[PDB]
């Protein structure tokens, strides 16, 4: 729970921490039309800011692909909502995950309905570009045919309009956007063996902040965790 002496000294040197966030990933991370960072991960960030006493501020908006390049080039200090992959461990260090959801398969009601990953071979499978579902599939199922799209909404719209035959993504952002875009033509068709493990990451060359954040996240009360999720359970259920 407590910071060590070196962690306190590091916080002194970083009055501001540069955050890399997705502009269009509700309910986890989005920038409203005023440009303000919102979402479930933004709530965790606001709590970290209170605890750490330093300013955690998103930098200028970029595509998520660009954000990951910025973190490779050490042009960012913290990514608040990202899943670990083996490839990412080469340039990022991660907290332990603070939220965890299944990775599921969405279909059109008038279209094909794959039950598992093995019923995806032979279909055009939409995924959000450079999120972990995409990277897991490339590494573990190279012969699938994927359609990476820039946002969950773009991907669900591709599925809903027939441009994709299925979509693979995490449970929470898939259901949130299905209902908020009112795509009453889609449904959940199946399961994968994969979990979406939402964590925060820092450049692997500067691991102290992931240690600091991990300690704060692990020390959260049951009460605090409930309040952090309460604005967002509504449009999942």
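Residue numbers count along the first chain shown, from 1.
Mean temperature factor over C-alpha atoms, higher-scoring stretch between 213-221 and 6-14: Result: 6-14.
Report the stretch with the higher mean CA temperature factor, choosing between 182-190 and 65-73 on the basis of the entry. The stretch with the larger mean CA B-factor is 182-190.
Using the temperature factors in the entry, find which of 90, 135, 119, 100 has the highest value at its Cα atom. Each of 90, 135, 119, 100 was compared by C-alpha B-factor; the highest is 119.
Of the choices 161, 151, 95, 85, which one's C-alpha carries the largest B-factor in the record? So the option with the highest C-alpha B-factor is 161.
Splitting the chain's C-alpha B-factors into thirds, which one does residue 113 fall into? For residue 113, the deposited C-alpha B-factor lands in the highest third.
C-alpha B factor of residue 79, ranked within the chain: lowest, middle or highest third? It falls in the bottom third of the chain.
Residue 205 by Cα B-factor - lowest, middle or highest third of the modelled chain: CA B-factor rank for residue 205: middle third.
What third of its chain's C-alpha B-factors does residue 46 belong to: lowest, middle or highest? Within its chain, residue 46 is a lowest-third residue by C-alpha B-factor, going by the deposited values.
Can you tell me which third, lowest, middle or highest, the CA B-factor of residue 195 falls into for its chain? Ranked within chain, residue 195 CA B lands in the middle tercile.
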